[PDB]
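Below is one structure, written out as structure tokens, with a few remarks after it.
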Amino acid sequence: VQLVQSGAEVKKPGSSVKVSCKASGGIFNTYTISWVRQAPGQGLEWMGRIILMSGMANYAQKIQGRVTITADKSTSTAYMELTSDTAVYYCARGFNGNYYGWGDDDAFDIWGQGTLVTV
Amino acid sequence: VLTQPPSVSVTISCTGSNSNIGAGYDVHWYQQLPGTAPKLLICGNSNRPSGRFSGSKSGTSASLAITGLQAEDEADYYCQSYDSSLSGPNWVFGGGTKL
Amino acid sequence: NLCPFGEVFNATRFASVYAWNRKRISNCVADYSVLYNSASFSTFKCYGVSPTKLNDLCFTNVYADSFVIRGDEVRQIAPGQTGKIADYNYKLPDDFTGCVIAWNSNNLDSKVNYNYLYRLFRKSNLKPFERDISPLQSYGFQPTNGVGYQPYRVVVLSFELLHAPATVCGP
Ligand SMILES: *[C@@H]1O[C@H](CO)[C@@H](O)[C@H](O)[C@H]1NC(C)=O
């Protein structure tokens, strides 16, 4: 599978950004898309995950209320958008080799290119 | 947050708590080369995708073993596990170790 | 004639894990679209079958085993797993075929909950699906706990295929 993200862009601080991610490879074993960010010089931070089937998403508490994730089945995409840092935002599909579907013990195997957003 | 040594010259450690590693939840490992997205090298306790690596858990700690000083794999290595605290599900990446 | 999934997933009363109950579903249309697309589920994992193919295959019957457990033991309801629940309350066969569905029930089950019981002391291991009633401890689920302690309601859908007409099919 292949996950293609948006290119780099610059926003004014305090404004909003919408980052797309299209799972064009197959979409046959993809049930959930997660978003992880990495600030320059830092490690990775989980931000949220959306289950494509149900449309439900969970978020990291530290950004709750200022982040939303939308699953558009018709285009096989997940939109990550933020309101109100210069981190790189990565798109990755969840996967587990023991079962089909999604859960807590799964892992992010196939990652997109990373979309940077700066101010 | 999972605790890791800033660098290793071998094994990469990952220390958590009984709410994430000692909880029994799987600890996955990634290798991130500069300029790109992280690649998964271990799934579950010690399974791996096609393309040298092994690992295990003990108590609230876990570790990645890399054997042979091949090429120059000066990647940033990270551990990941599910955290069962806060007020909802979240996934945690470790501090990151430079090899 | 749709399958009575509502009686399994929208029930008011659930069994404890030490004494889980079950429903046997047969002679109906198993429209799984209702379950895998549900926003109430936190996890949904299938062994031997992909969720999207569930409506394209038939079974003799299916068994819906339901119970309430604490969240950090949800990972134990799987083949090859060990732990007090995996070993002494619900033994999940290592050749299991079926889907396990679970969700956070904190807003229904916790109390400001000495009701749901699990085993602490069991002399020997269970064999698959062998529930036993006879030692036990209350979970005591609270409204102010972490996700690992909050109650998770679990439904296990095992799939049985025998030398039979196979009357449980999706659309
Ligand atoms: C349970 O009830 C909800 C309405 O609250 C409904 O959306 C859902 O489909 C029902 N689930 C089943 C299996 O019938």
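Labeling convention for the structure tokens: chains A, B, ... as they appear, residues from 1 per chain, ligands from 1 in order of appearance.
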
Surroundings of ligand 1 up to 9 Å, based on only C-alpha atoms and all ligand atoms, as a JSON list (two decimals) with C-alpha atoms, in the first residue's frame:
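Full text of result-v9.json as output:
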[["chain", "number", "residue", "atom", "x", "y", "z"],
["C", 3, "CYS", "CA", -29.87, -11.30, 12.67],
["C", 4, "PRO", "CA", -30.59, -10.12, 16.25],
["C", 5, "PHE", "CA", -27.32, -8.28, 16.73],
["C", 6, "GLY", "CA", -29.21, -5.65, 18.70],
["C", 7, "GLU", "CA", -29.82, -8.23, 21.44],
["C", 8, "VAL", "CA", -26.07, -8.69, 21.73],
["C", 9, "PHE", "CA", -24.71, -5.17, 21.31],
["C", 10, "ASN", "CA", -27.61, -2.99, 22.66],
["C", 11, "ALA", "CA", -28.32, -5.18, 25.75],
["C", 32, "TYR", "CA", -22.17, -7.05, 9.45],
["C", 34, "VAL", "CA", -24.10, -2.61, 11.20],
["C", 35, "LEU", "CA", -21.15, -3.57, 13.37],
["C", 38, "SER", "CA", -20.30, 1.43, 14.17],
["C", 39, "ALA", "CA", -18.80, 4.46, 15.86],
["C", 40, "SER", "CA", -19.26, 2.90, 19.24]]

Checklist line | Residues near stretch 25-33 of chain B, cut-off 10 Å, only C-alpha atoms, skip fewer than 5 positions along chain, as a PyMOL selection string | finding: (chain A and resi 43+104-109) or (chain B and resi 14+18-20+38-48+55-57+61-64+73-84+92-94+96-99) or (chain C and resi 72-73+75-76)

Note to self: Give me, as a PyMOL selection string, the residues of chain C touching chain B, with the criterion being at most 9 Å (counting only C-alpha atoms).
What the structure shows: chain C and resi 71-73+75+144-149

Next item on the list: Would you list, as a PyMOL selection string, the residues of chain B that end up in strand (DSSP E) under DSSP run on this structure's backbone?
Entry: chain B and resi 11-15+28-32+39-42+53-58+61-66+76-83+90-93+97-98

Would you put the residues from that selection into a file with C-alpha atoms, as an mmCIF file, in the first residue's frame?
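See result.cif below for the written result:
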data_model
loop_
_atom_site.group_PDB
_atom_site.id
_atom_site.type_symbol
_atom_site.label_atom_id
_atom_site.label_comp_id
_atom_site.auth_asym_id
_atom_site.auth_seq_id
_atom_site.Cartn_x
_atom_site.Cartn_y
_atom_site.Cartn_z
ATOM 1 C CA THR B 11 21.309 -2.627 22.185
ATOM 2 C CA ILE B 12 18.812 0.201 22.414
ATOM 3 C CA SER B 13 16.831 0.218 25.640
ATOM 4 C CA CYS B 14 13.230 1.429 26.245
ATOM 5 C CA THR B 15 11.877 1.855 29.756
ATOM 6 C CA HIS B 28 7.127 -1.856 18.326
ATOM 7 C CA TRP B 29 10.394 -0.502 16.986
ATOM 8 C CA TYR B 30 11.225 1.963 14.242
ATOM 9 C CA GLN B 31 14.298 3.150 12.403
ATOM 10 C CA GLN B 32 14.142 6.701 11.135
ATOM 11 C CA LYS B 39 10.454 2.479 8.905
ATOM 12 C CA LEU B 40 9.103 -0.344 11.044
ATOM 13 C CA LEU B 41 11.616 -3.052 11.927
ATOM 14 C CA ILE B 42 9.783 -4.894 14.708
ATOM 15 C CA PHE B 53 17.319 -7.411 14.574
ATOM 16 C CA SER B 54 15.727 -9.035 17.601
ATOM 17 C CA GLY B 55 14.252 -7.992 20.946
ATOM 18 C CA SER B 56 12.381 -8.844 24.145
ATOM 19 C CA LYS B 57 10.451 -7.559 27.153
ATOM 20 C CA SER B 58 11.221 -7.787 30.867
ATOM 21 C CA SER B 61 11.317 -2.508 30.309
ATOM 22 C CA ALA B 62 11.924 -3.599 26.741
ATOM 23 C CA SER B 63 14.873 -3.582 24.398
ATOM 24 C CA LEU B 64 15.995 -3.686 20.778
ATOM 25 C CA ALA B 65 19.008 -5.691 19.805
ATOM 26 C CA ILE B 66 20.949 -4.821 16.678
ATOM 27 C CA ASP B 76 17.144 7.585 15.142
ATOM 28 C CA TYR B 77 15.545 4.566 16.783
ATOM 29 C CA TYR B 78 12.203 4.782 18.525
ATOM 30 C CA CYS B 79 10.011 2.463 20.610
ATOM 31 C CA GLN B 80 6.219 2.621 20.514
ATOM 32 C CA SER B 81 3.568 1.209 22.798
ATOM 33 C CA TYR B 82 -0.047 1.658 23.822
ATOM 34 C CA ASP B 83 -0.643 3.648 26.970
ATOM 35 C CA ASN B 90 -3.204 7.051 23.317
ATOM 36 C CA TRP B 91 0.007 5.822 21.748
ATOM 37 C CA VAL B 92 3.392 6.721 23.026
ATOM 38 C CA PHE B 93 6.698 7.060 21.283
ATOM 39 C CA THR B 97 18.093 7.079 20.536
ATOM 40 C CA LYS B 98 20.757 8.062 18.052
#

Next item on the list: Would you kindly report the residues of chain A within 9 Å of chain B, using only C-alpha atoms, as a PyMOL selection string?
Entry: chain A and resi 42-48+58-61+90+96-97+104-114

Using N, CA, C and O atoms, can you export the residues from the last selection as an mmCIF file, in the first residue's frame?
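Listing of result-v4.cif after writing:
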data_model
loop_
_atom_site.group_PDB
_atom_site.id
_atom_site.type_symbol
_atom_site.label_atom_id
_atom_site.label_comp_id
_atom_site.auth_asym_id
_atom_site.auth_seq_id
_atom_site.Cartn_x
_atom_site.Cartn_y
_atom_site.Cartn_z
ATOM 1 N N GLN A 42 13.227 16.755 17.413
ATOM 2 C CA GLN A 42 12.493 16.014 18.427
ATOM 3 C C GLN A 42 12.110 14.618 17.975
ATOM 4 O O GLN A 42 12.373 14.224 16.837
ATOM 5 N N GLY A 43 11.483 13.870 18.879
ATOM 6 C CA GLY A 43 11.003 12.533 18.570
ATOM 7 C C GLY A 43 9.609 12.639 17.990
ATOM 8 O O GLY A 43 9.199 13.715 17.569
ATOM 9 N N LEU A 44 8.879 11.543 17.957
ATOM 10 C CA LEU A 44 7.581 11.581 17.313
ATOM 11 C C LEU A 44 6.470 11.613 18.336
ATOM 12 O O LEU A 44 6.588 11.030 19.408
ATOM 13 N N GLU A 45 5.390 12.297 18.005
ATOM 14 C CA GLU A 45 4.260 12.416 18.906
ATOM 15 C C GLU A 45 2.980 11.942 18.250
ATOM 16 O O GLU A 45 2.630 12.399 17.164
ATOM 17 N N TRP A 46 2.249 11.061 18.901
ATOM 18 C CA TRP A 46 0.976 10.653 18.325
ATOM 19 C C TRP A 46 -0.037 11.766 18.516
ATOM 20 O O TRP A 46 -0.122 12.346 19.597
ATOM 21 N N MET A 47 -0.800 12.079 17.471
ATOM 22 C CA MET A 47 -1.804 13.130 17.568
ATOM 23 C C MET A 47 -3.220 12.604 17.545
ATOM 24 O O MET A 47 -4.134 13.211 18.127
ATOM 25 N N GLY A 48 -3.433 11.525 16.812
ATOM 26 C CA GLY A 48 -4.785 11.011 16.666
ATOM 27 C C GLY A 48 -4.877 9.868 15.680
ATOM 28 O O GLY A 48 -3.930 9.574 14.950
ATOM 29 N N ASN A 58 -9.993 9.349 17.595
ATOM 30 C CA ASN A 58 -9.494 9.649 18.921
ATOM 31 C C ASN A 58 -8.346 10.628 18.800
ATOM 32 O O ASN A 58 -7.662 10.659 17.773
ATOM 33 N N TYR A 59 -8.123 11.426 19.834
ATOM 34 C CA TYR A 59 -7.071 12.431 19.766
ATOM 35 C C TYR A 59 -6.205 12.448 21.007
ATOM 36 O O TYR A 59 -6.655 12.107 22.100
ATOM 37 N N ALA A 60 -4.972 12.899 20.850
ATOM 38 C CA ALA A 60 -4.111 13.134 21.995
ATOM 39 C C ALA A 60 -4.730 14.242 22.836
ATOM 40 O O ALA A 60 -5.166 15.262 22.308
ATOM 41 N N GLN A 61 -4.712 14.074 24.152
ATOM 42 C CA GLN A 61 -5.363 15.031 25.043
ATOM 43 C C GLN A 61 -4.800 16.440 24.934
ATOM 44 O O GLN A 61 -5.542 17.417 25.011
ATOM 45 N N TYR A 90 3.099 13.340 9.770
ATOM 46 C CA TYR A 90 3.153 12.098 9.019
ATOM 47 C C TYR A 90 1.833 11.342 9.070
ATOM 48 O O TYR A 90 1.189 11.268 10.120
ATOM 49 N N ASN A 96 -1.620 -4.943 11.877
ATOM 50 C CA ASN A 96 -1.196 -5.990 12.790
ATOM 51 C C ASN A 96 -1.116 -7.298 12.021
ATOM 52 O O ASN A 96 -2.017 -7.625 11.254
ATOM 53 N N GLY A 97 -0.027 -8.034 12.187
ATOM 54 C CA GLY A 97 0.160 -9.265 11.426
ATOM 55 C C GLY A 97 -0.623 -10.452 11.977
ATOM 56 O O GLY A 97 -0.666 -11.512 11.352
ATOM 57 N N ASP A 104 -5.390 -1.928 19.767
ATOM 58 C CA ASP A 104 -4.415 -1.208 20.573
ATOM 59 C C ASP A 104 -2.984 -1.686 20.334
ATOM 60 O O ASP A 104 -2.036 -0.906 20.410
ATOM 61 N N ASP A 105 -2.840 -2.962 19.986
ATOM 62 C CA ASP A 105 -1.533 -3.595 19.797
ATOM 63 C C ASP A 105 -1.074 -3.567 18.352
ATOM 64 O O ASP A 105 -0.154 -4.292 17.974
ATOM 65 N N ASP A 106 -1.724 -2.763 17.527
ATOM 66 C CA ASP A 106 -1.316 -2.684 16.138
ATOM 67 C C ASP A 106 -0.142 -1.719 16.008
ATOM 68 O O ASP A 106 0.349 -1.187 17.005
ATOM 69 N N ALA A 107 0.343 -1.524 14.793
ATOM 70 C CA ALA A 107 1.528 -0.715 14.578
ATOM 71 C C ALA A 107 1.415 0.073 13.297
ATOM 72 O O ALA A 107 0.590 -0.229 12.439
ATOM 73 N N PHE A 108 2.237 1.092 13.162
ATOM 74 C CA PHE A 108 2.221 1.888 11.950
ATOM 75 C C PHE A 108 3.315 1.379 11.026
ATOM 76 O O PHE A 108 4.492 1.587 11.299
ATOM 77 N N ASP A 109 2.948 0.627 9.997
ATOM 78 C CA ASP A 109 3.942 0.006 9.125
ATOM 79 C C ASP A 109 4.270 0.852 7.898
ATOM 80 O O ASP A 109 5.438 1.080 7.584
ATOM 81 N N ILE A 110 3.240 1.292 7.194
ATOM 82 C CA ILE A 110 3.442 2.077 5.985
ATOM 83 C C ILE A 110 3.160 3.545 6.238
ATOM 84 O O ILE A 110 2.038 3.944 6.559
ATOM 85 N N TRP A 111 4.200 4.344 6.080
ATOM 86 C CA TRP A 111 4.156 5.767 6.351
ATOM 87 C C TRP A 111 4.230 6.579 5.070
ATOM 88 O O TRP A 111 4.876 6.169 4.105
ATOM 89 N N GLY A 112 3.598 7.745 5.086
ATOM 90 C CA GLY A 112 3.649 8.684 3.978
ATOM 91 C C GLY A 112 4.915 9.522 4.061
ATOM 92 O O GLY A 112 5.774 9.275 4.903
ATOM 93 N N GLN A 113 5.031 10.505 3.180
ATOM 94 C CA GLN A 113 6.240 11.310 3.087
ATOM 95 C C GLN A 113 6.449 12.314 4.211
ATOM 96 O O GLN A 113 7.581 12.724 4.461
ATOM 97 N N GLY A 114 5.373 12.747 4.855
ATOM 98 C CA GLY A 114 5.481 13.782 5.874
ATOM 99 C C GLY A 114 5.203 15.149 5.264
ATOM 100 O O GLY A 114 5.884 15.579 4.328
#

Next item on the list: Go ahead and compute the interatomic distance for atom CA of residue C:97 and atom CA of residue C:157, in Å to one decimal.
Entry: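 Atom-to-atom, atom CA of residue C:97 and atom CA of residue C:157 are spaced 8.7 Å apart.
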
Check: If we count only C-alpha atoms, which residues of chain C reach to within 7 Å of chain A? Please list them as a ChimeraX atom specification.
Finding: /C:36-39,43-47,49-51

Checklist line | Interatomic distance, atom CA of residue A:117 to atom CA of residue A:82 (Å, one decimal) | finding: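 Atom-to-atom, atom CA of residue A:117 to atom CA of residue A:82, that is 10.6 Å.
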
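With atom CA of residue C:58 on one side and atom CA of residue C:155 on the other, the separation reads 19.6 Å.
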
Notebook entry, point to check: For residue A:30, which of C:89, C:52, C:150, C:67 is the closest residue, counting only C-alpha atoms?
Noted result: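 With only C-alpha atoms as the atom set, the closest residue is C:52.
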
Item checked: All alpha helix (DSSP H) positions in stretch 13-164 of chain C, as a VMD selection string -> chain C and resid 33 to 36 84 to 88 106 to 109

Output N, CA and C atoms for every residue in the selection just made, as a PDB file, in the first residue's frame.
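Output saved as result28.pdb:
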ATOM      1  N   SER C  33     -22.516  -4.953   8.301  1.00  0.00           N
ATOM      2  CA  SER C  33     -22.325  -3.542   8.005  1.00  0.00           C
ATOM      3  C   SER C  33     -22.694  -2.721   9.213  1.00  0.00           C
ATOM      4  N   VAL C  34     -23.615  -3.255  10.000  1.00  0.00           N
ATOM      5  CA  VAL C  34     -24.098  -2.610  11.197  1.00  0.00           C
ATOM      6  C   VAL C  34     -23.003  -2.503  12.244  1.00  0.00           C
ATOM      7  N   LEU C  35     -22.146  -3.518  12.322  1.00  0.00           N
ATOM      8  CA  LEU C  35     -21.151  -3.573  13.369  1.00  0.00           C
ATOM      9  C   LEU C  35     -19.807  -2.971  12.985  1.00  0.00           C
ATOM     10  N   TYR C  36     -19.272  -3.292  11.815  1.00  0.00           N
ATOM     11  CA  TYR C  36     -17.924  -2.792  11.550  1.00  0.00           C
ATOM     12  C   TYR C  36     -17.913  -1.311  11.223  1.00  0.00           C
ATOM     13  N   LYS C  84      -4.689 -13.999  33.600  1.00  0.00           N
ATOM     14  CA  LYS C  84      -5.774 -14.542  34.409  1.00  0.00           C
ATOM     15  C   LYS C  84      -7.073 -14.715  33.629  1.00  0.00           C
ATOM     16  N   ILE C  85      -7.421 -13.777  32.764  1.00  0.00           N
ATOM     17  CA  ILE C  85      -8.648 -13.962  32.005  1.00  0.00           C
ATOM     18  C   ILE C  85      -8.465 -14.988  30.902  1.00  0.00           C
ATOM     19  N   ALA C  86      -7.384 -14.866  30.140  1.00  0.00           N
ATOM     20  CA  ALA C  86      -7.149 -15.807  29.050  1.00  0.00           C
ATOM     21  C   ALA C  86      -7.065 -17.246  29.548  1.00  0.00           C
ATOM     22  N   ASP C  87      -6.514 -17.438  30.735  1.00  0.00           N
ATOM     23  CA  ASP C  87      -6.320 -18.765  31.274  1.00  0.00           C
ATOM     24  C   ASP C  87      -7.468 -19.299  32.116  1.00  0.00           C
ATOM     25  N   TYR C  88      -8.145 -18.435  32.883  1.00  0.00           N
ATOM     26  CA  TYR C  88      -9.133 -18.938  33.822  1.00  0.00           C
ATOM     27  C   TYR C  88     -10.568 -18.429  33.666  1.00  0.00           C
ATOM     28  N   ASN C 106     -17.749   2.939  30.047  1.00  0.00           N
ATOM     29  CA  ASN C 106     -17.639   3.699  31.285  1.00  0.00           C
ATOM     30  C   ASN C 106     -18.926   4.419  31.675  1.00  0.00           C
ATOM     31  N   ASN C 107     -19.641   4.974  30.696  1.00  0.00           N
ATOM     32  CA  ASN C 107     -20.846   5.750  30.975  1.00  0.00           C
ATOM     33  C   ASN C 107     -22.066   4.896  31.296  1.00  0.00           C
ATOM     34  N   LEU C 108     -21.919   3.585  31.220  1.00  0.00           N
ATOM     35  CA  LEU C 108     -23.009   2.680  31.531  1.00  0.00           C
ATOM     36  C   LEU C 108     -22.700   1.805  32.742  1.00  0.00           C
ATOM     37  N   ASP C 109     -21.471   1.299  32.807  1.00  0.00           N
ATOM     38  CA  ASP C 109     -21.100   0.343  33.837  1.00  0.00           C
ATOM     39  C   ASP C 109     -20.449   0.890  35.100  1.00  0.00           C
TER      40      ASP C 109
END

Notebook entry, point to check: Using only C-alpha atoms, which of the listed residues (A:6, A:83, A:25, A:15) sits closest to residue A:63?
Noted result: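 The shortest atom-to-atom distance to residue A:63 comes from A:83.
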
Next item on the list: Tell me which protein, DNA and RNA residues are within 8 Å of residue C:111, counting only C-alpha atoms, leaving out same-chain ones fewer than 2 positions away, and put them as a ChimeraX atom specification.
Entry: /C:109,113,141-143
